[PDB]
Amino acid sequence: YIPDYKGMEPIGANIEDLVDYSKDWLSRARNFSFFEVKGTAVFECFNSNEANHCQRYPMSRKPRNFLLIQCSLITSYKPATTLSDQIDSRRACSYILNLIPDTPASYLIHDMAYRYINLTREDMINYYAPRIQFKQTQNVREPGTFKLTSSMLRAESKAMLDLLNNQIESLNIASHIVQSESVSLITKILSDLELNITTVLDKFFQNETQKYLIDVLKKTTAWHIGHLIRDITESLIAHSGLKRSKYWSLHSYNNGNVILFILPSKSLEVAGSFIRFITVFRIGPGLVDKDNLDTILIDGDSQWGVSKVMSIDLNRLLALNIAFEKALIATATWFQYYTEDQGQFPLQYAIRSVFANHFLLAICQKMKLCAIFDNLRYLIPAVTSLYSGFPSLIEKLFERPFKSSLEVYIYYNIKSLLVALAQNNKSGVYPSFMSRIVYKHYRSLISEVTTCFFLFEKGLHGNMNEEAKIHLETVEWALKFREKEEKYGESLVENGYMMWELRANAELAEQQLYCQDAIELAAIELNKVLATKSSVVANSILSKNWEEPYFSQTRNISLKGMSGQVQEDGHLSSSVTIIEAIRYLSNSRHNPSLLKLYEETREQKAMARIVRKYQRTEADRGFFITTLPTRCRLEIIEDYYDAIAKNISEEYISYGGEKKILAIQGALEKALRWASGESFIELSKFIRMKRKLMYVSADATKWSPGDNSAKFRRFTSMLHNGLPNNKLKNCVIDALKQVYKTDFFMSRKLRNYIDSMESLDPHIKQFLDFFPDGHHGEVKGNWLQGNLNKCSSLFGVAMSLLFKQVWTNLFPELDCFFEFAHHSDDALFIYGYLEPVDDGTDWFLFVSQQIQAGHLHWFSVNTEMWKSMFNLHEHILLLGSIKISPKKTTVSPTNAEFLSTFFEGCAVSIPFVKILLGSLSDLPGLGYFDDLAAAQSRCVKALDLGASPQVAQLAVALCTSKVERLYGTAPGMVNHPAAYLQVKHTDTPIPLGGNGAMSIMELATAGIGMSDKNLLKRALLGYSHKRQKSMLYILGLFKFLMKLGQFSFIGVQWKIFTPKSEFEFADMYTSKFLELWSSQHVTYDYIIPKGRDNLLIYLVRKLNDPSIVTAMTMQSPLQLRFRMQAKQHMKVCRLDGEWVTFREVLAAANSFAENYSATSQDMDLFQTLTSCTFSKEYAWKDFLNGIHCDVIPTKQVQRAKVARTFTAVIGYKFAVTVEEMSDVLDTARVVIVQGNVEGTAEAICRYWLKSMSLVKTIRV
RNA sequence: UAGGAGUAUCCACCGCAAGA
RNA sequence: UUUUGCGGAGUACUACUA
Ligand SMILES: [Mg+2]
């Protein structure tokens, strides 16, 4: 119970010592860490890097492939149908056999066509046929495949087969020939993609967006090529199954114009697999790269271009499947941004070229382009801002090799764009990256380069090259810490250097080293604010689970991964958190408290493993999987520092995930309020000075790696709380002491890769030297990333306040404003300075007099006071292990960025493409209702974040169509409700299918399942008006669902991810024991037991619950997407605990609802269910239907945007035993709107209705 | 090099029977 | 290193906050 700990004793250093040190520091000429942006400077950087690039990578004469799928279209494309497929295949094979092969790929294509066209009739009846109507015919062993034996191949075909089944260089970007060729080729590709092929919601949609965006895009070749590529990717997905990838296959599209030959390949349901295919197409306008075509066969007034043997992974294939939809979403978002910026609808040519560019980017899913765009998204803020570290960003840009031809075009475009942006510094002009039109607001530009960036999927890195990269950042900084320990001394590095040591050395102010006096002073300045709210601090600290038993919280028993025990091999075993909780409970006598658990697990060493986050950035970041004692320590420290963090301002990680924007906008508004007026400074009779603001959007170089975790200890020893005795503080200090050293474990993938290396070249031996035994190494000082995320931000705020106090002491005469926002490494600093008026000759005289008086430090305030302010702030932050990165820090007079949001004065620009495009590339997979809700719920989030209602409606339509195609619910597919349900496909329960297309306003206000609920109401109304059999029929379906993600009446699994093995402790108790015990203790399904035996039984039951079990197995997203698209035709419905097709569930529902009769209990339950629970949602739709809209003549000039807000005992009810009594007793939406819109719950809906038209204002 | 990735050597399938 | 006949091959995912 809180063991006695030695704690720490204050050093008692004075603030005046730091003031004297700062005076000495500022009495000298200090170089600036940033470079002012100029067109000449950017041009010089580009020229020098271009000249020096050729010496780094070997020169290459052959630009490499950049198109994953090459296909050309000349006529309108219709969706593929099985009959529209057989005839196309016949004509296509006739055309191919007419041709003459040239290359081995052409020989393989010819052999495939000759084999296909000579298949007998019986196979082709079995071909193109479903599973039920399919039989093996000695030539077709799967519904859509055919066998091609090696004996049925020519010499060149088997040579190509042997090639398939049997140093980095960069293009000379400095040359003008390479740039000219790349630009000429990609301009031609874009031009061919741009060619033309020979209620209130719907009213406004058709008037504004459909007429000006969709109607324009319906005729472009990019639209129909995207449809064709969707068809090709669907054919590849169907063929890539676990039983169809063995054999070959031929498909045809566009009247035999595009022919897809799928070769045998590893099935995509296995890791490290590629789908291998060829595509033959008549040469014409389209996505044709003639240089990288394998062959161009020639016939009479015909050119058939045969592409190379492409190998596409599952991620790129699924990206290409949704390429057209992603391009359309991106184009609609631009369209909205252009309308907001220029106030008029974009012209035809611009809206066609933008769509072509977005589609081309969506098709070319390559990592090099993703890295280039990731660098560009940081380069653009650098050149626009007044001061930034743009030379470092340009060097990183030039780091990569430009092997492809698309990368050279993108590089040329970004070079021209950056030179133009820098030349127009000092409502400005901002040229568009894809279009010729210029912009009036910077938010529009950084939002076309963000939307362009987000078209690339997550996880395009190498599966083994990037596994070794994530360890390097940790190992290199651990080695640097070891070097500092050996050089300066272990005691000095861990404890910290005194002020006099820094003064004598003047080199100790480095990363991974902290100054004891600085830490104490920062803690004192934080206590200066904590003294007022000491009572609240004590209350919040005691509100933390200090005495509540462990493993009774959601965090301590969850599905999150956790390091297990060191295996016999030596690697750190990976396991579920709940598994480790069950183990510990089984190996313990009683459920322990947090502090008791810390007492038992204090001696054990912290251990961790690093695993990829699968990001879309240039370099993948890794997150650390920590073991159980490490989790306990980190929980103690994070709870103690989260209690304090919530009680002070300028701390933004402690705030909510939605309140951050509100708080930062309030801070910016306060800063702007200070800017009003003028400051009078005493001559000692006043001088007038103009108040000016400067925003520094900062980002620390290294937060986790380049840090010393010991600096918190002394900090914790000085932070003042309202607790009577410093016992909890001592416990937290001890926990910080025990987390100093960590056993960083190399991943299994990396150790196998290094074991199979066979030649340990340099830069790998040095990395392997960190692990002495070859499996783990000691990391000191570094607290693993993610952990301690609130303590670090609190420390940063403390250091910022220390700098503020130091600056106030240094220059008492001047009045300056300081606003700080610290969200972990991300930070924003608003400094205020007094610029003199009329040349400030009196100000210069005052400065000269001050220097003559004896103040040698005033040499840093005569001109550009903000430079001195930032220099002192950076140095004082460097007294701790906080270095502000010269690379990704921007100094601007007007614009700013914080938390990946852009601020122009008080205006905030939340990107919503991250949300819209995210609604299309993933799915929970729990069920059709649970997928539709997830797809629609994201589009509501975008609508809150600033998406226009028309763009949100279009994205909703695209997501609904994609979901319907995925599960087959769409009309004309296998799982169409209308065929087996005696309905119009509109009055079908949502869990069973039916039209999920809803008004965006209905989802925004009423809810996501609203239509389903509406159905019930309508049905009930029928049964209360006409006693119609149809309504009674709908009533039977709802009862059927209840007898058989959001919480409602849903029809129990559609997810198929069942485990391949039983878990470690799933069989601890027999099923009879759990079945009896669940009935004996009814409440335990609502609250978590606090007794070991009861908690152990509850956890074991949680291990045997199918709902929990299926969630553990699902670890890799989009594999459910692939499996659903491959097998919507059969194998899954969860009918009476049996895996059958969904059609049988539809038939069973039909039978049940046909043999269903109305009873008093069910009807009364339905009447209560519809009236009571939905009493608020029905009113929401009634308000929507009780509204009217009319357009008044006035163009919509958007104003500044703001952020607003949208506005236990059950265990007692069934409680029986005294232990249950104790258990229950112990247990007990931000939106972006305009300026004029208030925070009323209905005013936001009124604004959403008002913003229906992007150009013409309307009145509600 | 036919593709993905890369100035980290990777992925691009696994077994049996029978014949050479 | 190959040919034929068979059978198969379900993807490690942290604390953080509404
Ligand atoms: Mg930032």
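Rules used throughout
- Residues numbered from 1 in each chain as written, not as in the entry; some residues may be left out.
- Chains lettered and ligands numbered in written order.
- Heavy atoms only, no water.
- Helix = DSSP H or I, 4+ residues; strand = E, 2+ residues; numbered from the N terminus.
- Rg over C-alpha atoms; globule rule 2.2 N^0.38 Å.
- Buried < 20%, exposed > 50% of the residue type's maximum accessible area, 1.4 Å probe, protein only.
- Areas by Shrake-Rupley, 256 points an atom, 1.4 Å probe, with all protein chains shown as cover.
- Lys, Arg positive; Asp, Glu negative; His and termini not counted.
- Charge placed at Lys NZ, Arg CZ, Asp CG, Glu CD.
- Pairing = 2+ DSSP bridges.
- Axes fitted to C-alpha atoms, helices over the stretch in contact; angles between N-to-C directions.
- Contact = heavy atoms within 4.5 Å.
- Expected span 1.5 Å × (residues − 1).
- Salt bridge = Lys/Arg side-chain N within 4 Å of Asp/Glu carboxyl O.
- Near = heavy atom within 4 Å.
- Polar contact = N/O pair within 3.5 Å; in protein donor to acceptor, adjacent residues only side chain to side chain.
- Core = buried A, V, L, I, M, F, W, Y, C linked by side-chain atoms within 4.5 Å.
- Nonpolar A, V, L, I, M, F, W, Y, C, P; charged D, E, K, R; others polar.

Attention now moves to the overall build of chain A. Scanning chain A for helices and strands turns up 50 helices and 32 strands. Relative to the 2.2 N^0.38 estimate, which gives 33 Å for 1260 residues, the radius of gyration of chain A is 33 Å and therefore close to what a compact globule would have. Seen along its three principal axes, the alpha-carbon backbone of chain A occupies a region of about 105 × 85 × 75 Å. By residue count, 59% of the 1260 residues in chain A fall in the buried class. Of the roughly 52,300 Å² that chain A leaves accessible, carbon and sulfur atoms contribute 51%. For chain A, the distance from the average site of its 140 positive side-chain charges to the average site of its 131 negative ones is 5 Å.

Pairing is mixed in the open sheet, where 4 strands are placed in the order 18-17-21-22. This sheet does not close on itself; its edge strands, each paired only once, are strand 18 (622-626) and strand 22 (776-780). Going across the sheet, the axis of each strand differs from the next one's by a mean of 35°, ignoring polarity. In this sheet, strand 22 lies alongside strand 21 (residues 741-745) in antiparallel orientation, the contact comprising 5 bridges. When the sheet's bridge partners are listed, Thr742 is paired in strand 22 with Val779. The strands touched by helix 18 (residues 465-488) within the sheet are strand 17 (606-612), strand 18, strand 21 and strand 22, with strand 17 carrying the most contacts at an inclination of about 140°.

Now for helix 11 (residues 323-342). Relative to the 28 Å expected for 20 residues at 1.5 Å per residue, helix 11 spans 28 Å between its end C-alpha atoms, a close match to the ideal helical length. In terms of burial, helix 11 is a largely internal element, 19 of the 20 residues being buried.

A few words now on the pattern of salt bridges. The tally for this structure, following the rule as stated, stands at 41 salt bridges. For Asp17, the salt bridge is made with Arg503, and the minimal N-O distance between the two is 2.4 Å. The class of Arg503 is partly exposed, set by a relative accessible area of 39%. A salt bridge links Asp639 to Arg555, with the nearest nitrogen and oxygen atoms 3.6 Å apart. Of this pair, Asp639 sits in helix 25 (residues 628-645) while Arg555 sits in the loop between helix 22 (534-543) and strand 15 (561-566), and the two are 84 residues apart along the sequence.

Moving on, we come to the protein's contact with RNA strand C. Residues in contact with RNA strand C amount to 37 residues; listed here are only the nearest, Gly657, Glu658, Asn789, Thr1058 and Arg1123. Contacts to RNA strand C include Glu269, whose backbone N or O atom sits 3.4 Å from a sugar or linking oxygen. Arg1123 places a polar side-chain atom, nitrogen or oxygen, 2.6 Å from a sugar or linking oxygen of RNA strand C. Elements with a contribution of two residues or more to the surface near RNA strand C: strand 17, strand 18, helix 31 (789-810) and helix 44 (1119-1126).

A separate point is the nonpolar core. Of all hydrophobic cores here, the largest spans 366 residues; its most connected members are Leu287, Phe359, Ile380, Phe551 and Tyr641. The greatest single-element share of this core, amounting to 12 residues, is contributed by helix 31. Not counting residues within four places of it along the chain, the set of residues in contact with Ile380 comprises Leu417, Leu418, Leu421, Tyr442, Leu445, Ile446 and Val449. The next biggest cluster of nonpolar side chains, apart from the first, holds 30 residues, and it includes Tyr128, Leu153, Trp248 and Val309.

The pairing of strands in a sheet happens through backbone hydrogen bonds and is either parallel or antiparallel. Spatially, 3 strands are ordered 26-27-28 in an open sheet, and the strand pairing comes out antiparallel. Looking at strand neighbours, the two that pair on one side only are strand 26 (895-898) and strand 28 (907-909), the edges of this open sheet. Going from strand to strand, the sheet's axes swing by 25° on average, the running direction of each strand aside. Taken together, the 3 bridges between strand 27 (residues 901-904) and strand 28 define a ladder with antiparallel strand orientation. Among the inter-strand pairings, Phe902 is bridged to a residue of strand 28, identified as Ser909. Taken strand by strand, helix 26 (residues 659-675) contacts strand 26, strand 27 and strand 28, and its axis lies near 25° from that of strand 27.

Every one of the 36 residues lining RNA strand B counts as a neighbour, but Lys308, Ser311, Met367, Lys368 and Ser759 are closest to it. In the interface set of RNA strand B, defined as its atoms within 4 Å of the protein, sugar plus phosphate atoms amount to 53%. Here a sugar or linking oxygen of RNA strand B and a backbone polar atom of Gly272 are 2.9 Å apart. Contributions of two or more residues to the surface near RNA strand B are made by helix 6 (155-164), strand 11 (310-312), helix 13 (367-384), helix 18 and helix 29 (748-755). Sort the elements by how many residues they give to the surface near RNA strand B and helix 18 lands first, with 4 residues. Among the residues making up the surface near RNA strand B, the classes are represented as 17 nonpolar, 8 polar and 11 charged.

Before going further, it helps to examine unusual backbone geometry. Non-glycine residue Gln138 carries a positive phi angle of around 65°. Mapped onto the secondary structure, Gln138 falls in the loop between helix 5 (121-126) and helix 6. Its relative accessible area of 75% is what places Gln138 among the exposed residues. Located in the positive-phi region is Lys426, a residue other than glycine, with phi close to 55°. Here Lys426 is to be found in the loop between helix 15 (405-423) and strand 13 (430-431). The class of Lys426 is exposed, set by a relative accessible area of 98%.

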